[PDB]
């Protein structure tokens, strides 16, 4: 793309592209060696009978940074490759390539840290294909729309008004398969405040659009679906993973949704106790190469 009135602050670029303002986080790179070592350890702990998958995905700057900013942004692909190369008996899912094929579509937000749910769908699709439980067509889902979404880029750009003045449209999708969600604390105790609440879609004001998916991160969510195929998935994620969850409901009998930052148990025992068959680690590059990955060691792998 071609850019106009580009300004950098706080590691972000605010720039106009084809008449719309974007906030894009610039990337510095990283080998992800710690992350890969932690995943490898997790896999050793759960053993051969549990398939462990890795899907590290880029942020928008991998695809949409305009011409002339190459010197300010490292390759997301290179970090994703480095991680893949260091994995041992963990199945790598090429989410990067899946997204790259759909960049003409509205797969990323302009004003938020996260992809749009459409982007998450393509990544979920890549995983589900590898896992041999492919997703249904997006036309089978009920489409919902939130207008006037100004995401995290407003704060991250130190409240640049250009971001607030060019909101996204946030489009999400409700799957066709019946399910029931149960909300738990981070030590997997049923959360008594939410005993009667069983949807993964939570009503939010427009600013909270991304929090439509399970309301936030400091919890564990168990999802039981009408697809009784014996496949039981545990997802260990950062906030990018939140938007993938709706796209797994059609494909798995049970889904456990856990955040690597907020987990107060020993993950290998959690897998064993709940009969988990498949584990997905999914997060953006910044999380996998940075401090968030340490949550795998400090939270998931701590007894």
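Positions refer to the first chain, counted from 1.
- Between 152-160 and 190-198, it is 190-198 that carries the larger average Cα temperature factor according to the deposited entry.
- The PDB entry reports B-factors from which the mean C-alpha value can be compared for 177-185 and 89-97; the larger average falls on 177-185.
- In the PDB entry, a CA B factor belonging to the middle third of its chain's modelled residues is recorded for residue 14.
- Residue 263: CA B factor in the highest third of modelled residues in this chain (values from the PDB entry).
- When the CA B factors of the chain's modelled residues are split into thirds, the value for residue 41 lands in the lowest one.
- When all modelled residues of the chain are sorted by CA temperature factor, residue 269 is found within the highest third.
- Among the modelled residues of the chain, residue 140 sits in the lowest third by CA temperature factor in this PDB entry.
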